[PDB]
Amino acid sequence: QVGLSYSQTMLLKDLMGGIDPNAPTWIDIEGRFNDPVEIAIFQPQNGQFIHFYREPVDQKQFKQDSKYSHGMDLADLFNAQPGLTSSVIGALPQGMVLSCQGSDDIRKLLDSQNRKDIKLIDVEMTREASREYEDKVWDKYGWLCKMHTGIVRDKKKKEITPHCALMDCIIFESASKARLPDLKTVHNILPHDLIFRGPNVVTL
C-alpha cells in the first residue's frame, strides 16, 4: 500500500490553503474511528470542503456498516488513495475548531493521529430534527457522491436512505440554520486523481 508521495504531500499542503482555519467547519465520518471509509470536512460559509474515501481493513465489520448505515460497496474503494486520511488530518491547521454530531468516535480518530490540538463541538441535535433536511440535501447535493448504492435497512427492516459523510455535514448545517445553505457553489479542494490512485509509479 503506497501512501502519498512527496509531491502529493506538497500538493495537499498547497490545497489545504483553500481552507479557512477560522471559519466554522463541519466534520463527519462513516465507519468506526479506527477504520473509517469516508471522511467529509465542510465549510458552509464558502462551500469549500474536503471529501474522500478509504478502503476498510475489517471487511466483516464493513459489510454490517454497509447493510445498516452507508450502503457502500467494497469494490468501489479499492482505488482509493492509501494514506490519504492520515495525510489530510496531518495537514489540518493547528488549533482548528470542528463541529459534529456525535463527537465520541471523531475525537478518538483525531487523538489517534496526535491532533489533540483540534477542538470538537458536539452540536447535540435530536434524531428527529437532524434528519429534517435529509431528502432536500440529497435532492440538491446528492450528485457529489455516488458511492452509496447498497440497500440500507433500519431496526424495522424498513429500507432507509443511506448515510453519506458529506451529505450529513450539509444536513447538519441545514438543521442548525433551519434552512439549506445559501451558497452559489461548493467545491472539493481534493482533485479526483488525489482522492483515487493515479497512474502506476515506481516507489522505493
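All residue numbers are counted from 1 along the displayed sequence.
As the entry records it, the average C-alpha temperature factor is higher for 177-185, out of 5-13 and 177-185. Stretches 150-158 and 33-41 differ in mean C-alpha B factor, with the higher average recorded for 150-158. Listed residues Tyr53, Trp143, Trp26, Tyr68 were ranked by CA B-factor as deposited; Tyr68 comes out on top. Among the modelled residues of its chain, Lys108 has a C-alpha B-factor that falls in the middle third, as given in the PDB entry. Residue-level temperature factors show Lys116 in the lowest third of its chain, judged at the C-alpha atom. Sort the modelled residues of the chain by CA B factor and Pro93 lands in the lowest third. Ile170: CA B factor lies in the middle third for its chain, per the PDB record. In this PDB entry, the Cα temperature factor of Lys60 sits in the top third of its chain's modelled residues, the highest group.
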